[PDB]
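One structure below.
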Amino acid sequence: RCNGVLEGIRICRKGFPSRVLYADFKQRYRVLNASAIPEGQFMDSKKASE
Amino acid sequence: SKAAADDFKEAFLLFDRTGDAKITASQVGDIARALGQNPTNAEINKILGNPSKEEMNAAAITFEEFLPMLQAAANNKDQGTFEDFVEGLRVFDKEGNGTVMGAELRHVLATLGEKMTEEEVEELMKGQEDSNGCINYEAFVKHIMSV
């Protein structure tokens, strides 16, 4: 609390709390539109998730 | 209503392979589309189940159930607006010209939502996409609404 950690989380959550790292994003969710999400993730680690 | 269109009954005799005047429940989706109705496959699925009708076990039909199911699907034809079909694909690719890159439309039509086979996706792009790899969806959606 006194760190600022809990306040950074607050401000985030007002904001955009959860933030996924791209690969961490690919792997876990490729399966959703499997063909088109896998291609995206593989083709550009970032551009993929996009 | 008849306008009693008796050609719906004549088309049921062209889709029944046994000639007994019954059409299985698995053919009813594609025959509603061949009579000039586009209900989504989840809608055709729901209605069926809604009526405690299982498309998992053997099915038969009678004209007396297929006629009112086509008349219940016929009210939903007001959902077929071409403004939203061309604007969907206009938000799918940059710049001021209606062109989808080939593989973008093929992978989206096979894997997003109601799965279309890649055989049917190739049969719907055949002729409208040339060797530049760019599908002009102004003429593509025009020809898709010509059938």
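Ligands are numbered from 1 in the order shown, chains are lettered A, B, ... in the order of the structure tokens, and residues start at 1 in each chain.
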
Exercise answer, chain A residues close to chain B, 10 Å and only C-alpha atoms, as JSON, numbers by chain: {"A": [31, 32, 33, 34, 35, 36, 37, 39]}

Generate the output file for the selected residues, C-alpha atoms, as a short mmCIF file (atom, residue, chain, number, x, y, z; two decimals), in the first residue's frame.
data_model
loop_
_atom_site.label_atom_id
_atom_site.label_comp_id
_atom_site.auth_asym_id
_atom_site.auth_seq_id
_atom_site.Cartn_x
_atom_site.Cartn_y
_atom_site.Cartn_z
CA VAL A 31 -7.61 -21.92 -30.66
CA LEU A 32 -10.45 -19.35 -30.73
CA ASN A 33 -10.36 -18.72 -34.52
CA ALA A 34 -7.71 -21.16 -34.64
CA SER A 35 -6.81 -20.74 -38.29
CA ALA A 36 -6.75 -16.93 -38.37
CA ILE A 37 -5.47 -16.32 -34.83
CA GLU A 39 -1.55 -17.39 -38.48
#

For residue 41 (chain A): contacts at 12 Å, only C-alpha atoms, fewer than 4 positions along chain excluded, given as a list in words: residues 21, 22, 23, 24, 25, 26, 27, 28, 29, 30, 31, 33, 34, 35, 36, 37, 45, 46, 47, 48, 49 and 50 of chain A

Those same residues, written as an mmCIF file, in the first residue's frame with N, CA and C atoms?
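Everything below was put into selection.cif:
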data_model
loop_
_atom_site.group_PDB
_atom_site.id
_atom_site.type_symbol
_atom_site.label_atom_id
_atom_site.label_comp_id
_atom_site.auth_asym_id
_atom_site.auth_seq_id
_atom_site.Cartn_x
_atom_site.Cartn_y
_atom_site.Cartn_z
ATOM 1 N N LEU A 21 0.754 -10.115 -22.510
ATOM 2 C CA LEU A 21 1.934 -10.138 -23.346
ATOM 3 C C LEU A 21 1.543 -11.023 -24.531
ATOM 4 N N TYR A 22 1.917 -10.522 -25.660
ATOM 5 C CA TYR A 22 1.630 -11.103 -26.973
ATOM 6 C C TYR A 22 1.776 -12.616 -27.225
ATOM 7 N N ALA A 23 2.914 -13.217 -26.917
ATOM 8 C CA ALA A 23 3.072 -14.663 -27.081
ATOM 9 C C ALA A 23 2.190 -15.433 -26.143
ATOM 10 N N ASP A 24 2.197 -14.884 -24.892
ATOM 11 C CA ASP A 24 1.396 -15.355 -23.793
ATOM 12 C C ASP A 24 -0.066 -15.246 -24.196
ATOM 13 N N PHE A 25 -0.258 -14.425 -25.260
ATOM 14 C CA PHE A 25 -1.584 -14.196 -25.800
ATOM 15 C C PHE A 25 -1.921 -15.133 -26.929
ATOM 16 N N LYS A 26 -0.889 -15.444 -27.692
ATOM 17 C CA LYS A 26 -1.038 -16.333 -28.839
ATOM 18 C C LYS A 26 -1.451 -17.710 -28.358
ATOM 19 N N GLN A 27 -0.436 -18.386 -27.793
ATOM 20 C CA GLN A 27 -0.571 -19.702 -27.238
ATOM 21 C C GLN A 27 -1.919 -20.050 -26.614
ATOM 22 N N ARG A 28 -2.275 -19.270 -25.596
ATOM 23 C CA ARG A 28 -3.508 -19.497 -24.848
ATOM 24 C C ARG A 28 -4.819 -19.344 -25.605
ATOM 25 N N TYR A 29 -4.787 -18.517 -26.662
ATOM 26 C CA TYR A 29 -6.039 -18.233 -27.356
ATOM 27 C C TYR A 29 -6.125 -18.506 -28.848
ATOM 28 N N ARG A 30 -5.001 -18.908 -29.445
ATOM 29 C CA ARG A 30 -4.943 -19.227 -30.891
ATOM 30 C C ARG A 30 -6.199 -19.980 -31.352
ATOM 31 N N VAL A 31 -6.496 -21.006 -30.548
ATOM 32 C CA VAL A 31 -7.611 -21.915 -30.661
ATOM 33 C C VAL A 31 -8.992 -21.277 -30.884
ATOM 34 N N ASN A 33 -10.038 -18.884 -33.078
ATOM 35 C CA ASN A 33 -10.357 -18.720 -34.519
ATOM 36 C C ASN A 33 -9.155 -19.222 -35.231
ATOM 37 N N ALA A 34 -8.840 -20.271 -34.528
ATOM 38 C CA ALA A 34 -7.714 -21.160 -34.642
ATOM 39 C C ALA A 34 -6.866 -20.881 -35.857
ATOM 40 N N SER A 35 -7.499 -20.935 -37.005
ATOM 41 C CA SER A 35 -6.811 -20.740 -38.293
ATOM 42 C C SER A 35 -6.189 -19.331 -38.410
ATOM 43 N N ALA A 36 -7.050 -18.358 -38.186
ATOM 44 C CA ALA A 36 -6.748 -16.926 -38.375
ATOM 45 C C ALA A 36 -6.026 -16.274 -37.191
ATOM 46 N N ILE A 37 -6.171 -16.843 -36.017
ATOM 47 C CA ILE A 37 -5.471 -16.317 -34.834
ATOM 48 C C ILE A 37 -4.077 -16.955 -34.796
ATOM 49 N N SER A 45 4.646 -12.053 -34.093
ATOM 50 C CA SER A 45 4.449 -12.298 -32.649
ATOM 51 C C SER A 45 3.439 -11.350 -32.035
ATOM 52 N N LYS A 46 3.472 -10.143 -32.535
ATOM 53 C CA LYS A 46 2.549 -9.087 -32.107
ATOM 54 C C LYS A 46 1.387 -8.980 -33.102
ATOM 55 N N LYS A 47 1.737 -8.701 -34.352
ATOM 56 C CA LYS A 47 0.750 -8.535 -35.443
ATOM 57 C C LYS A 47 -0.305 -9.645 -35.391
ATOM 58 N N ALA A 48 0.127 -10.779 -34.879
ATOM 59 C CA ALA A 48 -0.724 -11.973 -34.747
ATOM 60 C C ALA A 48 -1.933 -11.668 -33.872
ATOM 61 N N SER A 49 -1.650 -11.438 -32.571
ATOM 62 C CA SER A 49 -2.678 -11.138 -31.584
ATOM 63 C C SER A 49 -3.619 -10.116 -32.149
ATOM 64 N N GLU A 50 -3.004 -9.236 -32.961
ATOM 65 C CA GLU A 50 -3.771 -8.204 -33.605
ATOM 66 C C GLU A 50 -4.800 -8.886 -34.451
#

Nearest to residue 99 (chain B) by atom-to-atom distance, counting only C-alpha atoms, from B:65, B:138, B:87, B:114: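 Of all the options, B:138 lies closest to residue 99 (chain B).
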
Sel. of alpha helix (DSSP H) residues, region 52-131 of chain B, as a ChimeraX atom specification: /B:63-73,82-90,102-111,118-125

Point-to-point distance in Å for CA of residue 2 (chain A) and CA of residue 16 (chain A):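 CA of residue 16 (chain A) sits 22.1 Å away from CA of residue 2 (chain A).
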
Given only C-alpha atoms, how would the per-residue table for region 63-107 of chain B near region 43-59 of chain B read, listing every residue at most 12 Å away with its closest atom pair and distance in Å to one decimal, sorted by chain and number, as a Markdown table?
| residue | atom | partner | partner_atom | distance |
| --- | --- | --- | --- | --- |
| B:65 | CA | B:48 | CA | 11.2 |
| B:66 | CA | B:48 | CA | 11.3 |
| B:68 | CA | B:47 | CA | 11.9 |
| B:69 | CA | B:47 | CA | 8.7 |
| B:70 | CA | B:44 | CA | 10.3 |
| B:72 | CA | B:47 | CA | 9.4 |
| B:73 | CA | B:44 | CA | 8.6 |
| B:76 | CA | B:43 | CA | 10.1 |

Keeping only N, CA and C atoms, write those residues as a PDB file, in the first residue's frame.
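New file selection-v4.pdb:
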ATOM      1  N   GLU B  65     -44.912 -30.308 -41.879  1.00  0.00           N
ATOM      2  CA  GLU B  65     -44.069 -29.687 -40.863  1.00  0.00           C
ATOM      3  C   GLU B  65     -43.057 -28.771 -41.537  1.00  0.00           C
ATOM      4  N   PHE B  66     -42.706 -29.125 -42.765  1.00  0.00           N
ATOM      5  CA  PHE B  66     -41.685 -28.372 -43.490  1.00  0.00           C
ATOM      6  C   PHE B  66     -42.263 -27.066 -44.024  1.00  0.00           C
ATOM      7  N   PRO B  68     -44.802 -25.094 -42.525  1.00  0.00           N
ATOM      8  CA  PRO B  68     -44.760 -24.079 -41.459  1.00  0.00           C
ATOM      9  C   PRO B  68     -43.359 -23.724 -40.930  1.00  0.00           C
ATOM     10  N   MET B  69     -42.353 -24.571 -41.103  1.00  0.00           N
ATOM     11  CA  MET B  69     -41.001 -24.167 -40.687  1.00  0.00           C
ATOM     12  C   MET B  69     -40.369 -23.209 -41.693  1.00  0.00           C
ATOM     13  N   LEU B  70     -40.772 -23.314 -42.952  1.00  0.00           N
ATOM     14  CA  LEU B  70     -40.317 -22.373 -43.975  1.00  0.00           C
ATOM     15  C   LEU B  70     -41.048 -21.038 -43.833  1.00  0.00           C
ATOM     16  N   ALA B  72     -42.021 -19.901 -40.884  1.00  0.00           N
ATOM     17  CA  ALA B  72     -41.484 -19.278 -39.673  1.00  0.00           C
ATOM     18  C   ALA B  72     -40.097 -18.693 -39.923  1.00  0.00           C
ATOM     19  N   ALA B  73     -39.425 -19.206 -40.937  1.00  0.00           N
ATOM     20  CA  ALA B  73     -38.111 -18.675 -41.313  1.00  0.00           C
ATOM     21  C   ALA B  73     -38.222 -17.484 -42.260  1.00  0.00           C
ATOM     22  N   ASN B  76     -37.737 -13.729 -41.149  1.00  0.00           N
ATOM     23  CA  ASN B  76     -36.381 -13.343 -40.771  1.00  0.00           C
ATOM     24  C   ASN B  76     -35.556 -12.877 -41.975  1.00  0.00           C
TER      25      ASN B  76
END

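The two atoms in question, CA of residue 29 (chain B) and CA of residue 41 (chain B), are spaced 7.1 Å apart.
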
Length of the CA of residue 102 (chain B) to CA of residue 141 (chain B) vector [Å]: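 CA of residue 141 (chain B) lies 14.6 Å from CA of residue 102 (chain B).
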
Long-range neighbours of residue 78 (chain B) as a PyMOL selection string, 12 Å cut-off, only C-alpha atoms, 3 positions minimum in chain: chain B and resi 37-39+73-75+81-82

Can you write out the residues you just picked, keeping N, CA, C and O atoms, as a PDB file, in the first residue's frame?
ATOM      1  N   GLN B  37     -34.558 -18.495 -48.736  1.00  0.00           N
ATOM      2  CA  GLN B  37     -34.496 -18.094 -47.328  1.00  0.00           C
ATOM      3  C   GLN B  37     -33.120 -18.355 -46.744  1.00  0.00           C
ATOM      4  O   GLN B  37     -32.631 -19.488 -46.791  1.00  0.00           O
ATOM      5  N   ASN B  38     -32.567 -17.364 -46.069  1.00  0.00           N
ATOM      6  CA  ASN B  38     -31.231 -17.546 -45.473  1.00  0.00           C
ATOM      7  C   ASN B  38     -31.240 -17.529 -43.936  1.00  0.00           C
ATOM      8  O   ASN B  38     -30.721 -16.570 -43.355  1.00  0.00           O
ATOM      9  N   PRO B  39     -31.780 -18.553 -43.278  1.00  0.00           N
ATOM     10  CA  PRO B  39     -31.639 -18.636 -41.827  1.00  0.00           C
ATOM     11  C   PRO B  39     -30.250 -19.158 -41.472  1.00  0.00           C
ATOM     12  O   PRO B  39     -29.756 -20.107 -42.092  1.00  0.00           O
ATOM     13  N   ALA B  73     -39.425 -19.206 -40.937  1.00  0.00           N
ATOM     14  CA  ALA B  73     -38.111 -18.675 -41.313  1.00  0.00           C
ATOM     15  C   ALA B  73     -38.222 -17.484 -42.260  1.00  0.00           C
ATOM     16  O   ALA B  73     -37.430 -16.547 -42.113  1.00  0.00           O
ATOM     17  N   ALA B  74     -39.373 -17.364 -42.907  1.00  0.00           N
ATOM     18  CA  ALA B  74     -39.599 -16.322 -43.919  1.00  0.00           C
ATOM     19  C   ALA B  74     -39.784 -14.913 -43.375  1.00  0.00           C
ATOM     20  O   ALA B  74     -39.538 -13.949 -44.110  1.00  0.00           O
ATOM     21  N   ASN B  75     -39.979 -14.782 -42.075  1.00  0.00           N
ATOM     22  CA  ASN B  75     -40.106 -13.461 -41.456  1.00  0.00           C
ATOM     23  C   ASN B  75     -38.733 -12.858 -41.163  1.00  0.00           C
ATOM     24  O   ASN B  75     -38.548 -11.636 -41.251  1.00  0.00           O
ATOM     25  N   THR B  81     -29.698  -7.233 -45.107  1.00  0.00           N
ATOM     26  CA  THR B  81     -29.363  -5.901 -45.630  1.00  0.00           C
ATOM     27  C   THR B  81     -27.944  -5.837 -46.195  1.00  0.00           C
ATOM     28  O   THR B  81     -26.947  -5.904 -45.458  1.00  0.00           O
ATOM     29  N   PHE B  82     -27.874  -5.434 -47.455  1.00  0.00           N
ATOM     30  CA  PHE B  82     -26.593  -5.403 -48.180  1.00  0.00           C
ATOM     31  C   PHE B  82     -25.706  -4.211 -47.827  1.00  0.00           C
ATOM     32  O   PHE B  82     -24.487  -4.306 -48.020  1.00  0.00           O
TER      33      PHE B  82
END

Residue 63 (chain B) surroundings by only C-alpha atoms, 8 Å radius, close-in-sequence under 5 positions cut, as a VMD selection string: chain B and resid 9 12 21 to 23

Near-region 15-20 of chain B list (10 Å; only C-alpha atoms; drop same-chain fewer than 3 positions) as a list in words: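 Answer for this query is residues 10, 11, 12, 23, 24, 27, 28, 30, 31, 60, 61 and 62 of chain B.
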
Backbone-only DSSP, strand (DSSP E) members of region 94-139 of chain B, as a PyMOL selection string: chain B and resi 99-101+134-136

Could you take the residues named above and write them with C-alpha atoms, as a PDB file, in the first residue's frame?
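Heads up, here's the output in part-v8.pdb:
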ATOM      1  CA  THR B  99     -10.234  -5.415 -51.856  1.00  0.00           C
ATOM      2  CA  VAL B 100      -9.670  -8.203 -49.337  1.00  0.00           C
ATOM      3  CA  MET B 101      -6.386 -10.082 -49.552  1.00  0.00           C
ATOM      4  CA  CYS B 134      -7.105  -9.179 -54.126  1.00  0.00           C
ATOM      5  CA  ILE B 135     -10.815  -9.877 -53.957  1.00  0.00           C
ATOM      6  CA  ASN B 136     -12.978  -6.951 -55.004  1.00  0.00           C
TER       7      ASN B 136
END
